[PDB]
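For reference, the chain that follows is the form deposited in one PDB entry, supplied as structure tokens.
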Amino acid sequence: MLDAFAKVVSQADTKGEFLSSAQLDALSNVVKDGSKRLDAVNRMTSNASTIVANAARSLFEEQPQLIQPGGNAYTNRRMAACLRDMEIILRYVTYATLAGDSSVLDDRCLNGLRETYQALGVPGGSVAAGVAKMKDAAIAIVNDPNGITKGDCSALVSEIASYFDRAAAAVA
């Protein structure tokens, strides 16, 4: 996979070039904002169980056909698989947040997932709805001003939101 630093290196090597002063300055800013990034990962991870459960519960409330007999999430085995998928997507979103790059999310989680869901009959549009609920909950947790040094995390939040949006678009 790539992190934010490896991604710039990989592009520079393809050109056979040293990194420019501007590229080094940009990566030094990734380091400078690194503590915020660690807070975001810690906060999403520390609330992962409730993020998944609350989003799943709300999804089933809005879409009761998923859990009624004959529904895709009916029986405890399929429900457990559905909950696992929500946790898996959230996990890889936190990986991408630590890395500052979406590659681990794309390569290990999202690539081929639409075709997997189509082969199984999993309603990917319903998965995307669940992912969007996890997004909104995770962002509110990351943005919570209580118990943390006050500062600006808006760019970080937009980055995290893009990872969630990327996951939802890959299954819808």
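Definition used throughout: the rigid core is the maximal C-alpha set that superposes within 1.5 Å between two forms. All residue numbers are counted from 1 along the displayed sequence. Shifts are known only where both forms have a C-alpha.
Visitor: Mean Cα B factor from the PDB record: higher for 126 to 134, or higher for 22 to 30?
Guide: In the deposited entry, the stretch with the higher C-alpha B-factor mean is 22 to 30.
Visitor: Averaging CA B factors per stretch from the PDB record, which one is higher: 99 to 107 or 42 to 50?
Guide: Taking the mean C-alpha B-factor of 99 to 107 and of 42 to 50, the larger value falls to 99 to 107.
Visitor: Report the third (lowest, middle or highest) to which the CA temperature factor of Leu156 belongs, ranking only the modelled residues of the same chain.
Guide: Ranked within chain, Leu156 CA B lands in the highest tercile.
Visitor: Which third, lowest, middle or highest, does the C-alpha temperature factor of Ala4 belong to within its own chain?
Guide: Answer is lowest: the recorded C-alpha B-factor places it there.
Visitor: Give the position of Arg114 by CA B-factor within its chain, expressed as the lowest, middle or highest third.
Guide: Top third by C-alpha B-factor.
Visitor: By the recorded C-alpha temperature factor, relative to the other modelled residues in its chain, which third is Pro64 in?
Guide: It falls in the middle third of the chain.
Visitor: If you rank the chain by CA B-factor, which third does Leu120 end up in: lowest, middle or highest?
Guide: Ranked within chain, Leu120 CA B lands in the highest tercile.
Another form exists, deposited in another entry; not displayed. Remarks below refer to it.
Visitor: Might you check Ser28, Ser35, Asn111, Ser49 and identify the only one whose CA position changes by 2 Å or more between this form and the one not shown on rigid-core superposition?
Guide: Result of the superposition: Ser28 is the only one at 2 Å or more.
Visitor: Note whether the distance between the C-alpha atoms of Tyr163 and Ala22 decreases (closer) or increases (farther) in the other form, against the displayed form; the change is 3 Å or more.
Guide: Relative to this form, farther apart in the other form.
Visitor: So the C-alpha spacing of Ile148 and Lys32 changes by 3 Å or more in the other form; is that change toward closer or farther than shown?
Guide: Those two alpha carbons end up closer in the other form.
Visitor: Which stretches of at least three consecutive residues shift by 2 Å or more at every Cα between this form and the one not shown, once the core is superposed?
Guide: Runs with every C-alpha shifted by at least 2 Å: 2 to 32, 75 to 77.
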